[PDB]
Amino acid sequence: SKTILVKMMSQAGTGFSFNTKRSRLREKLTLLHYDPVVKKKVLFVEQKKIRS
Amino acid sequence: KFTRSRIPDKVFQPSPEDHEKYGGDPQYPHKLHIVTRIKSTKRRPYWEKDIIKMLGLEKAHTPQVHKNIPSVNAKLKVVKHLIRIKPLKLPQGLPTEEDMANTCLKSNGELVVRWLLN
Amino acid sequence: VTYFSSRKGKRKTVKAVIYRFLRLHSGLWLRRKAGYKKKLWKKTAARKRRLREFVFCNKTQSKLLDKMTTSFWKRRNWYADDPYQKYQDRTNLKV
Amino acid sequence: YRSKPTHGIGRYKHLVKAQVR
Amino acid sequence: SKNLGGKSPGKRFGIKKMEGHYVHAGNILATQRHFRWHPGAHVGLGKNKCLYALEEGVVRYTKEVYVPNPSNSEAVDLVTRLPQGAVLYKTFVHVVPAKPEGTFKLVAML
Amino acid sequence: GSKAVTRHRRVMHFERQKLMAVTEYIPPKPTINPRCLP
Amino acid sequence: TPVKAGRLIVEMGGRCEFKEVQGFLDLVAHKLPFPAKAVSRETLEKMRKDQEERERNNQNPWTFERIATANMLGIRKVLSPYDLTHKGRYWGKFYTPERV
Amino acid sequence: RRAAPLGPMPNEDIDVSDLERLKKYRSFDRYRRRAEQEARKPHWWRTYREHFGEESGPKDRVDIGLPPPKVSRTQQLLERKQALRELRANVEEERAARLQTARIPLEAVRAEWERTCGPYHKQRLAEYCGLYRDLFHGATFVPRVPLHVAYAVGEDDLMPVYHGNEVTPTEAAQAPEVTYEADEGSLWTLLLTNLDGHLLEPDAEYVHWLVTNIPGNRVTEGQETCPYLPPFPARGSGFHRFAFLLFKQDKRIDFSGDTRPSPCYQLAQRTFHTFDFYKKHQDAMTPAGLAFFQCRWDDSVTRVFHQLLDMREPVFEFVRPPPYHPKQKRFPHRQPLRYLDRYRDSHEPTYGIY
RNA sequence: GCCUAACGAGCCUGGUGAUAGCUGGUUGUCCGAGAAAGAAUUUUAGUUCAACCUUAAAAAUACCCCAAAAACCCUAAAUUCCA
RNA sequence: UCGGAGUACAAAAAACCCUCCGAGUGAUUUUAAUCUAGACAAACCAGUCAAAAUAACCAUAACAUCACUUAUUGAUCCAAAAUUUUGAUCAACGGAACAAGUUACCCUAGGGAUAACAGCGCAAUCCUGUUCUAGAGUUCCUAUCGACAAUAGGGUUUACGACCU
Ligand SMILES: Nc1nc2c(ncn2[C@@H]2O[C@H](COP(=O)(O)O)[C@@H](O)[C@H]2O)c(=O)[nH]1
Ligand SMILES: Nc1nc2c(ncn2[C@@H]2O[C@H](COP(=O)(O)O)[C@@H](O)[C@H]2O)c(=O)[nH]1
Ligand SMILES: [Mg+2]
Ligand SMILES: [Mg+2]
Ligand SMILES: [Mg+2]
Ligand SMILES: [Mg+2]
Ligand SMILES: [Mg+2]
Ligand SMILES: [Mg+2]
Ligand SMILES: [Mg+2]
Ligand SMILES: [Mg+2]
Ligand SMILES: [Mg+2]
Ligand SMILES: [Mg+2]
Ligand SMILES: [Mg+2]
Ligand SMILES: [Mg+2]
Ligand SMILES: [Mg+2]
Ligand SMILES: [Mg+2]
Ligand SMILES: [Mg+2]
Ligand SMILES: [Mg+2]
Ligand SMILES: [Mg+2]
Ligand SMILES: [Mg+2]
Ligand SMILES: [Mg+2]
Ligand SMILES: [Mg+2]
Ligand SMILES: [Mg+2]
Ligand SMILES: [Mg+2]
Ligand SMILES: [Mg+2]
Ligand SMILES: [Mg+2]
Ligand SMILES: [Mg+2]
Ligand SMILES: [Mg+2]
Ligand SMILES: [Mg+2]
Ligand SMILES: [Mg+2]
Ligand SMILES: [Mg+2]
Ligand SMILES: [Mg+2]
């Protein structure tokens with residue numbers, strides 16, 4: 001059961017990325033996070049894969 | 001492990017015969033202790049050493065006068081195996097200001113007020 | 001540390017101390033917490049904040065760094081818009 | 001505390017048990 | 001040999017402020033691994049079961065009845081299995097505030 | 001260093017030996033033996 | 001099987017007298033590791049009462065129990081925390097019944 | 001070491017053995033009732049109430065008041081059971097109860113409450129608000145006779161003054177109307193006292209309206225010892241208490257030391273002590289009525305201070321103690337850079353010699 | 001093996017006052033106080049901190065410490081904190 | 001290297017090539033912010049809590065939860081991304097950027113701080129006696145032995161310890 005480390009970039013326009021752990025057998029992850037630049041709940045999508 | 005010792009309360013409950021045995025008043029306790037360190041503090045724990053130091057009993061065979069209050073009685077109980085305790089007796093009353101320089105403490109415990117007058 | 005240089009005969013300073021430390025003129029030394037850029041995805045927000053915060057040094061480390069550095073780094077600096085100019089001095093120290 | 005008179009005030013496992021001829 | 005890993009430093013899980021100690025706000029009264037002392041008045045509970053004073057005052061320790069949260073299934077089951085005359089008791093740590101909340105001071109006559 | 005429980009009687013300190021010697025039991029002794037007393 | 005001083009090992013009864021039972025139990029008592037005796041109810045009561053009488057009519061004022069509990073002469077330094085309970089009658093695995 | 005308990009243990013009565021045959025509660029709320037009943041008992045160990053001020057626990061309060069009315073217990077019970085039976089005999093009431101559509105005569109219920117058990121609730125509310133502790137400091141009285149006080153804030157607008165109500169000084173600028181049932185053979189005195197608001201003496205109180213020798217209910221006919229003064233709470237310290245004390249007296253009390261002049265606009269002259277007043281006139285008057293309201297500063301208090309009292313309006317504020325900081329260290333180990341800002345006098349740059 | 005009486009690699013000179021956590025030595029009198037080890041470490045033949053200790057200087061509380069207080073199945077000597 | 005229980009019985013700490021369990025993470029969504037009093041622990045480095053105040057959700061919570069929850073982890077430097085982060089069975093786990101075997105051909109500085117011989121302590125092992133008799137001895141314990149057990153002594157063997165060299 002190997003996981004993956006993925007960097008998510010905000011879709012609120014401002015450049016803000018955070019790293020989160022995800023299962024390898026999952027699809028592209030998309031969640032709701034907090035963006036300090038705009039201070040609002042913003043949809044985040046998986047942009048890069050960094051660590052296994 | 002070797003630690004301090006708690007003395008049970010029944011140890012310090014005198015028997016009616018003890019008053020006559022040790023020459024004490026069954027009604028009125030004495031007012032002042034005469035304490036004289038006999039044994040050394042060597043080969044004794046540091047707490048006993050410190051109690052001896054704070055009681056003013058650093059030098060052996062030198063009597064020291066103390067109160068008969070429980071606050072000092074606790075320390076005297078702690079180091080009771082290294083000291084001799086007697087009651088201070090005053091046949092002629094407390095020394096007055098004109099008799100301070102002519103007093104003495106006998107080995108039997110009475111503090112005489114006029115010692116070798118003239 | 002080179003106590004006596006071979007060219008000038010002066011006392012030298014190690015550059016690592018000045019590269020990773022800052023000395024206020026009051027004698028205090030300021031440093032960054034170790035590991036503040038390592039594995040941030042693995043650490044709690046409170047731990048990350050604690051790592052991000054600046055910290056001081058105790059007397060032994062301060063004296064060690066003073067021994068390693070020279071007198072040029074203990075001088076009084078009046079920089080233009082210095083962030084630490086307010087912290088350069090110590091106030092209300094009752095010792 | 002063991003030496004205090006109030007020791008064992010919080011005991012409750014003797015009131016509930018949780019572990020025919 | 002066969003036994004490994006038995007070495008680990010103690011976590012200093014114990015009591016920090018005793019009864020009668022004058023504490024300030026935020027002082028850690030006691031840290032623990034399991035619930036040994038429960039917080040009471042003006043004593044907050046951290047995420048690691050530690051107890052910290054919320055107001056400046058004097059620390060006290062009391063024995064009091066224990067009414068658990070009704071959402072706590074385990075404690076509710078224990079309570080419902082208790083006999084008729086049984087009441088749970090726990091050791092609670094309290095902070096008795098010393099300073100008043102504030103003072104009314106004259107500023108100006110208008 | 002010997003254990004608290006041994007097989008060789010684990011000889012005591014001299015102070016303890018003196019304590020036991022002092023605290024040895026002393027049976028009562030009548031003033032006059034009663035065997036061929038009246 | 002750990003065995004302490006003052007414990008019974010084998011218990012017998014029936015329609016018999018103590019003399020024969022004592023006679024053939026003294027061999028077992030001797031062959032046991034610790035010292036042992038073939039006692040009866042009457043003999044056990046007699047020895048316990050004799051011990052109590054000795055302890056009550058002991059003549060000298062100084063006793064191990066009194067000295068240990070009062071910490072006279074600082075003897076707790078050479079004594080043991082279990083000596084306050086043993087009262088000087090038990091020393092390691094050995095028990096001396098004549099020590100009051 | 002062990003210590004014997006200093007009294008009975010909590011769970012030492014029930015038998016540990018044979019728990020199956022021992023009855024158990026299965027209800028969390030039932031356990032809650034049991035636990036709250038146990039928590040109020042005077043246990044021999046350290047408890048929460050002892051440390052957090054149960055107010056010396058039980059206190060034998062001295063009762064200075066009218067005896068309770070004498071009623072026949074048997075007759076009252078018979079009439080109450082008869083009324084309950086005649087109500088339950090109805091079927092429309094049953095239908096309303098089952099359909100959950102039934103209203104209540106709130107005004108009626110308040111009337112009987114004030115008639116039969118209102119005085120005790122009012123007395124306990126006075127205890128909670130601390131009127132007795134500051135008026136007599138050792139005595140409590142039950143307001144046996146209702147006392148209805150009302151201000152007139154318009155032509156058809158009336159502000160009632162219940163026990164513990166909040167009344168604006170603008171609404172309370174005018175003198176109020178007071179009503180209480182009384183026969184035409186008794187004398188009464190009414191006192192309006194400002195408990196909190198004395199600028200100088202913390203333990204003293206102000207007078208606002210003292211009327212004495214009231215014949216029955218007609219208060220306007222009775223002579224007024226102290227002219228009415230509208231409430232003047234300070235701007236900073238808010239929510240002062242004003243208490244209406246009603247005393248029933250047998251004799252016609254006449255005095256000259258408590259009389260106030262016609263203007264009566266001096267705070268030095270308007271200094272009062274209800275304890276001293278009742279000590280002076282304790283033989284005749286007995287307190288029987290109570291009506292107290294809370295009052296905070298508004299836009300009319302400044303006018304009262306300026307025009308009437310002829311002074312400058314004082315302004316207070318609720319200040320807080322400065323934050324506590326430990327002794328400053330020469331070398332603060334592992335402390336943030338903002339450590340030096342906790343002991344800074346001012347956020348200004350001082351150049352000592354430059 | 002032998003290479004000028006010592007060769008697992010000659011001898012001399014220079015680097016060279018090589019370097020040694022290793023051994024040995026370390027030169028007048030008197031006086032004051034005075035220490036037996038917790039953590040790291042290719043580290044346990046050593047160093048660097050802490051705790052002790054010395055020399056000066058500021059202060060004010062320092063040890064002894066009765067109650068009361070410190071957990072839940074049973075548990076001793078006794079501990080912590082305190083007038 | 002990290003954690004739990006006992007050793008270490010009641011504040012904290014506490015060792016052994018001591019006795020047992022475990023970790024080098026999974027599952028799920030509530031994707032869990034900033035700033036700052038005061039504290040725990042601690043040689044240092046690190047680890048932990050946390051009131052008040054701030055922007056978004058009920059206008060009444062946000063400490064992510066569970067698997068004994070405690071351990072599920074790695075410092076600088078240096079390399080890479082898009083400027084925000086990531087990278088070590090660096091597991092010898094405070095980690096040297098990258099290095100084996102053999103020497104009886106051996107050398108040097110030391111160590112009785114540490115082995116082989118001897119001595120020394122102990123007597124596991126060995127050797128001597130006695131106590132106890134069930135059994136052999138045809139019957140009969142003790143003519144000769146004598147199992148299961150008890151107790152006392154010697155310091156011949158091997159081992160144990162590492163006190164003098
Ligand atoms: N580490 C340490 N060594 C000591 C201490 N006291 C004496 N020594 C050492 O013991 C030797 C002298 O023994 P003494 O004369 O003290 O009996 C010297 O080697 C000395 O350094 C001490 O307190 N700590
Ligand atoms: N993987 C890794 N290598 C590092 C790090 N720091 C220094 N290095 C060194 O950088 C070099 C990387 O070479 P590589 O192993 O990629 O061929 C190695 O000598 C390694 O020890 C680090 O943080 N991670
Ligand atoms: Mg452990
Ligand atoms: Mg450890
Ligand atoms: Mg030993
Ligand atoms: Mg035997
Ligand atoms: Mg009735
Ligand atoms: Mg040659
Ligand atoms: Mg050299
Ligand atoms: Mg070395
Ligand atoms: Mg000297
Ligand atoms: Mg040092
Ligand atoms: Mg105490
Ligand atoms: Mg103190
Ligand atoms: Mg601390
Ligand atoms: Mg908050
Ligand atoms: Mg290593
Ligand atoms: Mg290491
Ligand atoms: Mg470590
Ligand atoms: Mg060969
Ligand atoms: Mg050699
Ligand atoms: Mg050694
Ligand atoms: Mg050999
Ligand atoms: Mg030899
Ligand atoms: Mg040998
Ligand atoms: Mg030899
Ligand atoms: Mg051996
Ligand atoms: Mg032998
Ligand atoms: Mg035969
Ligand atoms: Mg030999
Ligand atoms: Mg050796
Ligand atoms: Mg050794």
# chains A, B, ... in the order shown; residues from 1 in each chain; ligands from 1

call {"tool": "residues_near_ligand", "arguments": {"ligand": "ligand 27", "cutoff": "10 Å", "atoms": "only C-alpha atoms (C1' of nucleotides) and all ligand atoms", "output": "PyMOL selection string"}}
result
chain J and resi 121-125+159-161

call {"tool": "interface_residues", "arguments": {"of": "chain I", "to": "chain C", "cutoff": "10 Å", "atoms": "only C-alpha atoms (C1' of nucleotides)", "output": "PDB file with N, CA and C atoms (P, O5', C5', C4', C3', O3' and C1' of nucleotides), in the first residue's frame"}}
result
ATOM      1  P     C I  49      32.745  23.866  26.642  1.00  0.00           P
ATOM      2  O5'   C I  49      31.168  23.801  26.449  1.00  0.00           O
ATOM      3  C5'   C I  49      30.304  23.864  27.567  1.00  0.00           C
ATOM      4  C4'   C I  49      29.012  23.137  27.311  1.00  0.00           C
ATOM      5  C3'   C I  49      28.133  22.934  28.530  1.00  0.00           C
ATOM      6  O3'   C I  49      27.386  24.085  28.870  1.00  0.00           O
ATOM      7  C1'   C I  49      28.326  20.894  27.385  1.00  0.00           C
ATOM      8  P     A I  58      28.478  44.796  45.360  1.00  0.00           P
ATOM      9  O5'   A I  58      27.414  45.123  44.221  1.00  0.00           O
ATOM     10  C5'   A I  58      26.066  45.421  44.551  1.00  0.00           C
ATOM     11  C4'   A I  58      25.103  44.721  43.627  1.00  0.00           C
ATOM     12  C3'   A I  58      23.816  44.229  44.269  1.00  0.00           C
ATOM     13  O3'   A I  58      22.839  45.247  44.361  1.00  0.00           O
ATOM     14  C1'   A I  58      24.751  42.513  42.932  1.00  0.00           C
ATOM     15  P     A I  59      22.552  45.970  45.764  1.00  0.00           P
ATOM     16  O5'   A I  59      20.986  45.777  45.971  1.00  0.00           O
ATOM     17  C5'   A I  59      20.481  44.742  46.799  1.00  0.00           C
ATOM     18  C4'   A I  59      19.984  43.571  45.990  1.00  0.00           C
ATOM     19  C3'   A I  59      19.062  42.613  46.726  1.00  0.00           C
ATOM     20  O3'   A I  59      17.720  43.062  46.705  1.00  0.00           O
ATOM     21  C1'   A I  59      20.722  41.394  45.539  1.00  0.00           C
TER      22        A I  59
END

call {"tool": "residues_near_ligand", "arguments": {"ligand": "ligand 9", "cutoff": "12 Å", "atoms": "only C-alpha atoms (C1' of nucleotides) and all ligand atoms", "output": "JSON, numbers by chain"}}
result
{"I": [16, 17, 18, 19, 20, 22]}

call {"tool": "atom_distance", "arguments": {"atom1": "CA of residue 205 (chain H)", "atom2": "CA of residue 273 (chain H)"}}
result
6.2 Å

call {"tool": "residues_near_ligand", "arguments": {"ligand": "ligand 20", "cutoff": "12 Å", "atoms": "only C-alpha atoms (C1' of nucleotides) and all ligand atoms", "output": "PDB file with C-alpha atoms (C1' of nucleotides), in the first residue's frame"}}
result
ATOM      1  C1'   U J 103      50.393 -10.261   8.293  1.00  0.00           C
ATOM      2  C1'   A J 104      53.606 -16.398  12.154  1.00  0.00           C
ATOM      3  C1'   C J 105      58.107 -11.285   8.041  1.00  0.00           C
TER       4        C J 105
END

call {"tool": "residues_near_ligand", "arguments": {"ligand": "ligand 32", "cutoff": "10 Å", "atoms": "only C-alpha atoms (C1' of nucleotides) and all ligand atoms", "output": "ChimeraX atom specification"}}
result
/J:113,161-163

call {"tool": "write_last_selection", "arguments": {"atoms": "N, CA, C and O atoms (P, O5', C5', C4', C3', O3' and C1' of nucleotides)", "output": "PDB file, in the first residue's frame"}}
result
ATOM      1  P     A J 113      45.437  -3.257  36.494  1.00  0.00           P
ATOM      2  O5'   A J 113      44.984  -2.397  35.237  1.00  0.00           O
ATOM      3  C5'   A J 113      44.377  -3.016  34.110  1.00  0.00           C
ATOM      4  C4'   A J 113      43.049  -2.378  33.788  1.00  0.00           C
ATOM      5  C3'   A J 113      42.555  -2.586  32.361  1.00  0.00           C
ATOM      6  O3'   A J 113      41.127  -2.609  32.352  1.00  0.00           O
ATOM      7  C1'   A J 113      42.876  -0.279  32.758  1.00  0.00           C
ATOM      8  P     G J 161      33.605 -14.558  33.751  1.00  0.00           P
ATOM      9  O5'   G J 161      34.213 -13.728  34.964  1.00  0.00           O
ATOM     10  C5'   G J 161      33.373 -13.010  35.855  1.00  0.00           C
ATOM     11  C4'   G J 161      34.149 -12.471  37.030  1.00  0.00           C
ATOM     12  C3'   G J 161      35.321 -11.561  36.695  1.00  0.00           C
ATOM     13  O3'   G J 161      34.899 -10.219  36.526  1.00  0.00           O
ATOM     14  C1'   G J 161      35.923 -13.137  38.390  1.00  0.00           C
ATOM     15  P     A J 162      35.338  -9.365  35.242  1.00  0.00           P
ATOM     16  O5'   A J 162      36.743  -8.747  35.656  1.00  0.00           O
ATOM     17  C5'   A J 162      36.997  -8.317  36.990  1.00  0.00           C
ATOM     18  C4'   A J 162      38.443  -8.521  37.369  1.00  0.00           C
ATOM     19  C3'   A J 162      39.449  -7.743  36.527  1.00  0.00           C
ATOM     20  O3'   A J 162      40.579  -7.411  37.329  1.00  0.00           O
ATOM     21  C1'   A J 162      39.832 -10.061  36.269  1.00  0.00           C
ATOM     22  P     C J 163      40.599  -6.046  38.174  1.00  0.00           P
ATOM     23  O5'   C J 163      40.800  -6.534  39.675  1.00  0.00           O
ATOM     24  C5'   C J 163      41.102  -5.614  40.711  1.00  0.00           C
ATOM     25  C4'   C J 163      42.077  -6.203  41.697  1.00  0.00           C
ATOM     26  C3'   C J 163      43.471  -6.494  41.162  1.00  0.00           C
ATOM     27  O3'   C J 163      44.305  -5.352  41.120  1.00  0.00           O
ATOM     28  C1'   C J 163      42.689  -8.368  42.358  1.00  0.00           C
TER      29        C J 163
END

call {"tool": "residues_near_ligand", "arguments": {"ligand": "ligand 10", "cutoff": "8 Å", "atoms": "only C-alpha atoms (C1' of nucleotides) and all ligand atoms", "output": "PDB file with N, CA, C and O atoms (P, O5', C5', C4', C3', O3' and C1' of nucleotides), in the first residue's frame"}}
result
ATOM      1  P     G I  21      48.399  13.297  22.317  1.00  0.00           P
ATOM      2  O5'   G I  21      47.498  12.483  23.341  1.00  0.00           O
ATOM      3  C5'   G I  21      46.499  13.129  24.120  1.00  0.00           C
ATOM      4  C4'   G I  21      45.337  12.209  24.398  1.00  0.00           C
ATOM      5  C3'   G I  21      45.662  10.718  24.342  1.00  0.00           C
ATOM      6  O3'   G I  21      44.886  10.026  25.318  1.00  0.00           O
ATOM      7  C1'   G I  21      43.968  11.217  22.775  1.00  0.00           C
ATOM      8  P     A I  45      38.543   3.304  26.188  1.00  0.00           P
ATOM      9  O5'   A I  45      39.639   4.376  26.615  1.00  0.00           O
ATOM     10  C5'   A I  45      39.705   4.843  27.956  1.00  0.00           C
ATOM     11  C4'   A I  45      40.931   5.687  28.205  1.00  0.00           C
ATOM     12  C3'   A I  45      41.047   6.953  27.357  1.00  0.00           C
ATOM     13  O3'   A I  45      41.696   7.961  28.130  1.00  0.00           O
ATOM     14  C1'   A I  45      42.933   5.598  26.998  1.00  0.00           C
ATOM     15  P     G I  46      40.841   9.070  28.914  1.00  0.00           P
ATOM     16  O5'   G I  46      40.828  10.307  27.915  1.00  0.00           O
ATOM     17  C5'   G I  46      42.012  10.716  27.247  1.00  0.00           C
ATOM     18  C4'   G I  46      41.688  11.618  26.088  1.00  0.00           C
ATOM     19  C3'   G I  46      40.866  12.847  26.435  1.00  0.00           C
ATOM     20  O3'   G I  46      41.662  13.914  26.914  1.00  0.00           O
ATOM     21  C1'   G I  46      39.889  11.753  24.592  1.00  0.00           C
TER      22        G I  46
END
